[PDB]
Structure formats: C-alpha cells, structure tokens
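Novice: sequence unknown, structure follows:
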C-alpha cells in the first residue's frame, strides 16, 4: 500500500511523510470500523498525565503535523540547529 | 527482440548517470542525478488528462538489472544511495 519501503535519503522527504499522515489516518479508520472501542494505558509519560490511550493517537497525529510543518520550513539555520540536536542524542 | 531493445534502454540510462557524476559534499549525498531527474520529469506529458494510463507507466526502466551494469562501471558505491532514493519518489510520481 502507501506503507511501502520508500528510501529515507529520498530528496522528496516531505511527500513521503504526507503519505504517513494518510497511512496513520486510514489506520485510525481501520481501528474505528473493526471494533476496538476500548483500551486506554496512557497513565504517566514524561511528566504528562493523560486520561486515555486514544489521546496517544491524537498526540502522535499532532506530532506528525508538527513534522510536516518544519519540513515545509527548511532553511540553513534550522537545519544546522537540527544537525546539532541529532548529534547530541546519538551518532549518525 | 532481435536487436535488443531493453539492453539499450539500460545502456543509455546508465551513461545518463555517469555524466551526472555522483559525488559528496561534506559527508552528505550530492544528487548529481539532475539529468536523470529531468529525464523522468520529461517522460510524463500529463497524460492523465490525455486519457492515457500514465498511472503505472514507468515500468520501462529496470532496477536490480541496473545495479548489474553499475557494478561493471565500478560506480555502484557512489550512486546507489540516491538511485533508490529517487526511485521512491518515482513510485509516487
């Protein structure tokens, strides 16, 4: 499907991540139809308390809209600030 | 089928990458494929509104058979990073 192993080094990265907000959208629909109207383990994560696991679908959606927004804005200062961040978390 | 159509189809798309020159700038991929890029932008004449089956009409080009020729030229290590990368946004195109 739109899941397919698209290369991470592809120049057109943004369109590849739009495909993944659509993939995560047909994923929420293929939960909504196939029952699964239960299950909620959010509890406590990183100082955040959250009522229901279904807030984590909404939270992974909001932070997949955040990604496309800073993929839409790509300029040398932000891409430098990114390369520093990524190299602090681990090696590339 | 006698004079080899799909052999030449490869010979050309491979010298279409040799002229491109796959390089690297400061440890990052350099997409030289600017001509390979442009040729795949030139195959489509917007035949979606011409009523032609443009959707699914780039399986002219080969893939695994291509890196066979890239090995002969000794250039596989340079270009195989963006050959596949561009072949992902050519399955979306």
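Specialist: Okay, I see it. Residues are numbered from 1 along each chain as shown, chains lettered A, B, ... in the order given.
Novice: Could you tell me which residues of chain A lie near chain B?
Specialist: Within reach of chain B by CB under 8 Å from any CB of the partner chain, chain A has these residues: A:4, A:6, A:7, A:8, A:9, A:10, A:11, A:12, A:15, A:16, A:19. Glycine gets a C-beta too; all of them are placed from N, C-alpha and C.
Novice: Just send the residues you listed back as TSV, with neighbour count and secondary structure too.
Specialist: Compiled in TSV, these are given as follows (neighbours: other CB atoms under 10 Å in any protein chain shown; DSSP: H, G, I helix; E, B strand; the rest coil):
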residue	neighbour count	secondary structure
A:4	11	coil
A:6	21	coil
A:7	17	coil
A:8	10	coil
A:9	14	coil
A:10	19	coil
A:11	16	coil
A:12	16	coil
A:15	16	helix
A:16	18	helix
A:19	16	helix
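Novice: among these, which two are most distant?
Specialist: Pairwise distances among the residues of chain A next to chain B were taken by CB to CB; the largest, 17.2 Å, belongs to A:4 and A:11.
Novice: any idea how far residue B:44 is from the spatially most central residue of chain A?
Specialist: In chain A, the centroid-proximal residue (CA atoms, centre = their mean) is residue A:64; its distance is 3.6 Å. Here the criterion is CB to CB, to the nearest Å. By it, residue A:64 lies 29 Å from residue B:44.
Novice: which stretches of the chain form helices?
Specialist: Just going to use chain A. Using DSSP state H, the helices of chain A run over A:13-32, A:54-72, A:76-89.
Novice: My question was about chain B, not that one.
Specialist: With helices called from DSSP H, chain B shows them at B:5-18, B:34-42, B:64-73, B:76-86.
Novice: which helices and strands sit right next to the second one?
Specialist: Using 3 or more CB pairs under 8 Å, 6 or more residues apart in numbering or on different chains; DSSP states H and E, the elements in contact with helix B:34-42 are helix B:5-18, helix B:76-86.
Novice: try the first one
Specialist: Using 3+ CB pairs under 8 Å, 6+ apart as the contact criterion, the secondary-structure elements in contact with helix B:5-18 are helix B:34-42, helix B:64-73.
Novice: how about the last one against chain A, any contact?
Specialist: No. Applying CB under 8 Å from any CB, one finds helix B:64-73 out of contact with chain A, separated by at least 14.1 Å.
Novice: now the angle from that helix to helix B:5-18?
Specialist: 60 degrees (axes from the mean of the first three to the mean of the last three CA atoms, to 10 degrees).
Novice: Please identify the buried residues of helix B:64-73?
Specialist: Applying a neighbour-count criterion of 16 or more other CB atoms under 10 Å in any protein chain shown, one finds B:66, B:67, B:69, B:70 buried in helix B:64-73.
Novice: The second one and residue B:83: what is the separation?
Specialist: For residue B:67, the distance to residue B:83 equals 8 Å [CB to CB].
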